[PDB]
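Read the single chain below, which is given as structure tokens and is the form deposited in one PDB entry.
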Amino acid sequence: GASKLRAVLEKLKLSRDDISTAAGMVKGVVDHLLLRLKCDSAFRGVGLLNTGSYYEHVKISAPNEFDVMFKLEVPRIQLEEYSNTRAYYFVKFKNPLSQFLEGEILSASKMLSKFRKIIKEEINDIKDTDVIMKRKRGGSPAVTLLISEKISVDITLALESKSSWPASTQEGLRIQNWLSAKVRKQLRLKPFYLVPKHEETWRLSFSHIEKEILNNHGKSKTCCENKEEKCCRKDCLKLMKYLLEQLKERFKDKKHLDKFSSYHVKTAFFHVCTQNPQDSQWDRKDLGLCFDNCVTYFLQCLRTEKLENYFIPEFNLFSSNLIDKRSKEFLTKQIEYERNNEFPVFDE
């Protein structure tokens, strides 16, 4: 019941000071890397993007894995969609990145190739810390570093565009009944970001918007600022991420749930905030019912084989192109069992 979930949340708090130390280790390495990068002409205007709850730039993703985004101010960007994918684009210009231009197009692989070299150079140069360097399979996390042989950080290069959001997002960010039309208009005036994921295509990124709507998450502007308005939205997201983490830990050898990530969990959770816009639907005292709402919607997404991207609704995260049908059935079976029996996975 709800007291079992509160105990899970209390136990997760116990690792708060360990996560803070690990994040501080990441911050020191990133800040060193930021210094060098600003010496290269192509990356002269690089800075850290405000995406996480540690300082402002280190984003927790899993127990000992962090995410960091370097933003690059790039003006006069023109986008051309790569064939009805809605998510992927070529980058044009109507400048420092001239070396990576092939025709009128900006090569993500050439820009990404130099980025890696500089970081790989500077990782070796100064070692008052044990820092190594991996290449994760997908190029969306551009570089992965391993600090003290425990902490891993994904570093992502992103182009910053101050232009109006692409037309594929016109029907996304469906927050009007929850956070208001005024807030939706404000958010869409902010920049958007382009990260090199696979041709030489770029994918849109809204990491800065996720942080904003997580930390300013109520219908009431004073949600969670006083004892009378304590909701459980953040705790429900934490429990959902931890549920997936704990289930994945049971299949270390086979990696049966390898295709599922906290990105999927977060997407479903923000759809549930859309569906349940009132702060009274997230009363802290209703933790058990609210968590059930989140789990039940996730199950529905698994069974209908459909999880819409929060910003580009025509992009289905759960299409069989991306996640095998049998993988979705397997996770459906695991979660359905956990829900029907009060989440034994959380038992001590």
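We call the rigid core the largest set of C-alpha positions that still match within 1.5 Å between the two forms. Heads up: residue numbers just count along the shown sequence, starting at 1.
As for the form deposited in another entry, it is not shown, yet the points below apply to it.
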property	result
Core superposition between the shown form and the other one, C-alpha change of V58 at least 2 Å	yes
Core fit, then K234 C-alpha moves 2 Å or more between the shown form and the other one	no
Core-superposed comparison between the shown form and the other one, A23 Cα displacement 2 Å or beyond	yes
CA-CA separation of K59 and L243, closer or farther in the other entry than in the form shown [shift of 3 angstroms or more]	closer
Closer or farther in the other entry, the Cα atoms of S61 and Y242, when the shift from this form is 3 Å or more	closer
